[PDB]
Amino acid sequence: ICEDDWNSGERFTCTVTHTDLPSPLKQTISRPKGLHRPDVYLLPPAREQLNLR
Amino acid sequence: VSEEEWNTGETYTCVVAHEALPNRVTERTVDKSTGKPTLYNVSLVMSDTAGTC
Ligand SMILES: *[C@@H]1O[C@H](CO)[C@@H](O)[C@H](O)[C@H]1NC(C)=O
Ligand SMILES: *[C@@H]1O[C@H](CO)[C@@H](O)[C@H](O)[C@H]1NC(C)=O
C-alpha cells in the first residue's frame with residue numbers, strides 16, 4: 001500500500017474471520033498524528049581505540 | 001698517547017681524590033668523539049607525537 005496513505009492517516013482495515021470465531025474481527029491501523037531535526041554527529045575513533053593496532 | 005690510540009676512540013678517564021668531594025673521588029672521561037669533536041652525528045627520532053593520556 002502507498003506510504004502516503006499511512007502518513008495521510010488512513011486506517012488500513014484488516015479483517016480476521018477465524019474458523020472458531022463466529023464474528024469477524026476488524027483491525028484498522030494508521031500513523032498516530034503528533035517532528036524535530038536529528039542533527040547527526042559521527043565521532044571518529046579515538047587514538048586509544050587505534051592504539052591497539 | 002699515540003695519535004692512533006686517540007684516533008681509535010679509546011676512552012681515557014682521569015680521577016681526582018680530594019677531601020672536598022662528596023665521596024672523595026670524582027672521574028671524567030674523554031674520547032675522540034667528545035673532546036671538541038668536529039662533527040655532531042644526531043639521529044633524533046620522535047614517534048607517536050600525540051600520545052594523549
Ligand atoms: C649525517 O646524518 C645522516 C642521517 O642522520 C647519516 O646518514 C650520515 O651518515 C651522517 N653523516 C655523518 C658524516 O655523520
Ligand atoms: C651517524 O648516524 C647514523 C644514523 O644513526 C648512522 O647510520 C651512522 O653510522 C653514524 N655515523 C657515525 C660516524 O657515527
# chains A, B, ... in the order shown; residues from 1 in each chain; ligands from 1

$ residues_near_ligand --ligand "ligand 1" --cutoff "6 Å" --atoms "only C-alpha atoms and all ligand atoms" --output "VMD selection string"
chain B and resid 41 to 43

$ interface_residues --of "chain B" --to "chain A" --cutoff "10 Å" --atoms "only C-alpha atoms" --output "PyMOL selection string"
chain B and resi 48+50-53

$ closest_atom_pairs --of "chain B" --to "ligand 2" --cutoff "12 Å" --atoms "only C-alpha atoms and all ligand atoms" --output "JSON lines"
{"residue": "B:9", "atom": "CA", "partner": "ligand 2", "partner_atom_place_in_ligand_line": "13 (C)", "distance": 11.5}
{"residue": "B:32", "atom": "CA", "partner": "ligand 2", "partner_atom_place_in_ligand_line": "13 (C)", "distance": 11.4}
{"residue": "B:33", "atom": "CA", "partner": "ligand 2", "partner_atom_place_in_ligand_line": "14 (O)", "distance": 8.9}
{"residue": "B:34", "atom": "CA", "partner": "ligand 2", "partner_atom_place_in_ligand_line": "14 (O)", "distance": 11.9}
{"residue": "B:37", "atom": "CA", "partner": "ligand 2", "partner_atom_place_in_ligand_line": "13 (C)", "distance": 11.7}
{"residue": "B:38", "atom": "CA", "partner": "ligand 2", "partner_atom_place_in_ligand_line": "13 (C)", "distance": 11.4}
{"residue": "B:39", "atom": "CA", "partner": "ligand 2", "partner_atom_place_in_ligand_line": "13 (C)", "distance": 8.8}
{"residue": "B:40", "atom": "CA", "partner": "ligand 2", "partner_atom_place_in_ligand_line": "14 (O)", "distance": 8.4}
{"residue": "B:41", "atom": "CA", "partner": "ligand 2", "partner_atom_place_in_ligand_line": "1 (C)", "distance": 4.9}
{"residue": "B:42", "atom": "CA", "partner": "ligand 2", "partner_atom_place_in_ligand_line": "2 (O)", "distance": 6.0}
{"residue": "B:43", "atom": "CA", "partner": "ligand 2", "partner_atom_place_in_ligand_line": "5 (O)", "distance": 4.8}
{"residue": "B:44", "atom": "CA", "partner": "ligand 2", "partner_atom_place_in_ligand_line": "5 (O)", "distance": 8.3}
{"residue": "B:45", "atom": "CA", "partner": "ligand 2", "partner_atom_place_in_ligand_line": "5 (O)", "distance": 9.7}

$ write_last_selection --atoms "N, CA and C atoms" --output "PDB file, in the first residue's frame"
ATOM      1  N   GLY B   9      89.584   6.056  19.268  1.00  0.00           N
ATOM      2  CA  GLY B   9      88.456   6.424  20.095  1.00  0.00           C
ATOM      3  C   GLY B   9      88.484   5.863  21.498  1.00  0.00           C
ATOM      4  N   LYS B  32      87.738  10.409  21.280  1.00  0.00           N
ATOM      5  CA  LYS B  32      87.806  11.182  20.046  1.00  0.00           C
ATOM      6  C   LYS B  32      86.481  11.866  19.737  1.00  0.00           C
ATOM      7  N   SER B  33      85.369  11.299  20.193  1.00  0.00           N
ATOM      8  CA  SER B  33      84.047  11.747  19.780  1.00  0.00           C
ATOM      9  C   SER B  33      83.452  12.824  20.679  1.00  0.00           C
ATOM     10  N   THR B  34      84.094  13.159  21.803  1.00  0.00           N
ATOM     11  CA  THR B  34      83.534  14.130  22.737  1.00  0.00           C
ATOM     12  C   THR B  34      84.470  15.276  23.091  1.00  0.00           C
ATOM     13  N   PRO B  37      84.672  17.727  19.447  1.00  0.00           N
ATOM     14  CA  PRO B  37      84.574  16.980  18.192  1.00  0.00           C
ATOM     15  C   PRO B  37      84.190  17.886  17.038  1.00  0.00           C
ATOM     16  N   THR B  38      84.667  17.522  15.850  1.00  0.00           N
ATOM     17  CA  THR B  38      84.345  18.302  14.662  1.00  0.00           C
ATOM     18  C   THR B  38      82.889  18.130  14.254  1.00  0.00           C
ATOM     19  N   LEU B  39      82.311  16.959  14.511  1.00  0.00           N
ATOM     20  CA  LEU B  39      81.031  16.570  13.941  1.00  0.00           C
ATOM     21  C   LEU B  39      80.099  16.071  15.033  1.00  0.00           C
ATOM     22  N   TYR B  40      78.831  16.473  14.945  1.00  0.00           N
ATOM     23  CA  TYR B  40      77.773  16.009  15.837  1.00  0.00           C
ATOM     24  C   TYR B  40      76.779  15.204  15.010  1.00  0.00           C
ATOM     25  N   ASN B  41      76.880  13.882  15.094  1.00  0.00           N
ATOM     26  CA  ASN B  41      76.066  12.965  14.299  1.00  0.00           C
ATOM     27  C   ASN B  41      74.849  12.584  15.134  1.00  0.00           C
ATOM     28  N   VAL B  42      73.723  13.231  14.854  1.00  0.00           N
ATOM     29  CA  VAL B  42      72.491  13.036  15.607  1.00  0.00           C
ATOM     30  C   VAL B  42      71.446  12.402  14.702  1.00  0.00           C
ATOM     31  N   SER B  43      70.660  11.490  15.267  1.00  0.00           N
ATOM     32  CA  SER B  43      69.589  10.791  14.562  1.00  0.00           C
ATOM     33  C   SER B  43      68.288  10.914  15.343  1.00  0.00           C
ATOM     34  N   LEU B  44      67.987  12.135  15.774  1.00  0.00           N
ATOM     35  CA  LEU B  44      66.835  12.389  16.629  1.00  0.00           C
ATOM     36  C   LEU B  44      65.555  11.881  15.976  1.00  0.00           C
ATOM     37  N   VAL B  45      64.829  11.016  16.683  1.00  0.00           N
ATOM     38  CA  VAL B  45      63.590  10.427  16.187  1.00  0.00           C
ATOM     39  C   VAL B  45      62.515  10.539  17.257  1.00  0.00           C
TER      40      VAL B  45
END

$ atom_distance --atom1 "atom CA of residue 45 of chain A" --atom2 "atom CA of residue 46 of chain B"
22.9 Å

$ closest_residue --among "B:1, B:28, B:35, B:49" --to "residue 14 of chain B" --atoms "only C-alpha atoms"
B:28

$ atom_distance --atom1 "atom CA of residue 6 of chain B" --atom2 "atom CA of residue 24 of chain B"
28.9 Å

$ residues_around --residues "segment 28-42 of chain A" --least-positions-apart "6" --cutoff "9 Å" --atoms "only C-alpha atoms" --output "PyMOL selection string"
chain A and resi 5-15

$ write_last_selection --atoms "C-alpha atoms" --output "mmCIF file, in the first residue's frame"
data_model
loop_
_atom_site.group_PDB
_atom_site.id
_atom_site.type_symbol
_atom_site.label_atom_id
_atom_site.label_comp_id
_atom_site.auth_asym_id
_atom_site.auth_seq_id
_atom_site.Cartn_x
_atom_site.Cartn_y
_atom_site.Cartn_z
ATOM 1 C CA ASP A 5 -1.884 6.935 2.912
ATOM 2 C CA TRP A 6 -0.170 5.668 6.064
ATOM 3 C CA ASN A 7 1.197 9.184 6.558
ATOM 4 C CA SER A 8 -2.127 10.717 5.491
ATOM 5 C CA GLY A 9 -3.787 8.831 8.359
ATOM 6 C CA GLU A 10 -5.882 6.225 6.537
ATOM 7 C CA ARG A 11 -6.664 3.313 8.871
ATOM 8 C CA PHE A 12 -5.968 0.250 6.736
ATOM 9 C CA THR A 13 -8.615 -2.314 7.672
ATOM 10 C CA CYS A 14 -7.613 -5.945 8.238
ATOM 11 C CA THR A 15 -10.445 -8.437 8.750
#

$ select_by_dssp --residues "chain B" --states "alpha helix (DSSP H)" --output "VMD selection string"
chain B and resid 3 to 8

$ write_last_selection --atoms "N, CA, C and O atoms" --output "PDB file, in the first residue's frame"
ATOM      1  N   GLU B   3      98.712   8.984  18.506  1.00  0.00           N
ATOM      2  CA  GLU B   3      97.512   9.502  17.856  1.00  0.00           C
ATOM      3  C   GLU B   3      96.635   8.375  17.329  1.00  0.00           C
ATOM      4  O   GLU B   3      95.414   8.537  17.226  1.00  0.00           O
ATOM      5  N   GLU B   4      97.234   7.231  16.989  1.00  0.00           N
ATOM      6  CA  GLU B   4      96.437   6.079  16.582  1.00  0.00           C
ATOM      7  C   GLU B   4      95.535   5.617  17.718  1.00  0.00           C
ATOM      8  O   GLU B   4      94.362   5.292  17.498  1.00  0.00           O
ATOM      9  N   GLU B   5      96.063   5.582  18.944  1.00  0.00           N
ATOM     10  CA  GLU B   5      95.226   5.252  20.092  1.00  0.00           C
ATOM     11  C   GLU B   5      94.095   6.260  20.243  1.00  0.00           C
ATOM     12  O   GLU B   5      92.939   5.880  20.462  1.00  0.00           O
ATOM     13  N   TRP B   6      94.411   7.551  20.127  1.00  0.00           N
ATOM     14  CA  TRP B   6      93.369   8.569  20.183  1.00  0.00           C
ATOM     15  C   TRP B   6      92.416   8.445  19.002  1.00  0.00           C
ATOM     16  O   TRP B   6      91.194   8.535  19.171  1.00  0.00           O
ATOM     17  N   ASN B   7      92.953   8.239  17.798  1.00  0.00           N
ATOM     18  CA  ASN B   7      92.100   8.056  16.632  1.00  0.00           C
ATOM     19  C   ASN B   7      91.235   6.810  16.751  1.00  0.00           C
ATOM     20  O   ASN B   7      90.165   6.752  16.136  1.00  0.00           O
ATOM     21  N   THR B   8      91.674   5.815  17.526  1.00  0.00           N
ATOM     22  CA  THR B   8      90.853   4.630  17.744  1.00  0.00           C
ATOM     23  C   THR B   8      89.581   4.964  18.510  1.00  0.00           C
ATOM     24  O   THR B   8      88.591   4.229  18.413  1.00  0.00           O
TER      25      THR B   8
END

$ select_by_dssp --residues "chain B" --states "strand (DSSP E)" --output "PyMOL selection string"
chain B and resi 12-17+25-30
